[PDB]
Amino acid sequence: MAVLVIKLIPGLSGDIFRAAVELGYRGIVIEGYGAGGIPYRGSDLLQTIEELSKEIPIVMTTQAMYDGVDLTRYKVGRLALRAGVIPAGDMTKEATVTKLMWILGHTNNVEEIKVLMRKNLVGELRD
């Protein structure tokens, strides 16, 4: 049920993500800068997410209002995908979070949540 949405800012550590998981959060949304990607330069964030994305779904949206994410566009983005991050494609922020919450009401299988999040259920997503 419980989702946590965190905005990516320069210097953000993985420590709050680990605290979230320990608290029993069942999903995390990370609102990134643009097309997507997780910092690894002088940051333990990518390493942390790579570790946690096997345990719970970690979804990436963007702070920008329009055009959505594409983790294939840039190198940092591709790294996030390899780390196990679930892109939100062109979904609104509200649809992304409510969709995740809805899915979490049905399953806890990360790979299953992953395929659901990438599937256009009701018109929220271009898949």
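Here, rigid core means the biggest group of C-alpha atoms that superpose within 1.5 Å across both forms. For every residue, the number given is its place in the sequence shown, counted from 1.
Core superposition of the other structures onto this form places the C-alphas of 39-47 farther off in 5 other deposited structures of this protein than those of the other stretch among 39-47 and 97-105. Between the stretches 47-55 and 97-105, it is 47-55 that shows the larger average CA temperature factor.
Among the modelled residues of its chain, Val85 has a C-alpha B-factor that falls in the highest third, as given in the PDB entry. In this PDB entry, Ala19 carries a Cα temperature factor that places it within the middle third of its chain's modelled residues.
Among the modelled residues of its chain, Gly34 has a C-alpha B-factor that falls in the lowest third according to the deposited record.
Sorting the modelled residues of the chain by their CA temperature factor places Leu8 in the lowest third. Ranked by C-alpha B-factor against the other modelled residues of its chain, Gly27 falls in the lowest third.
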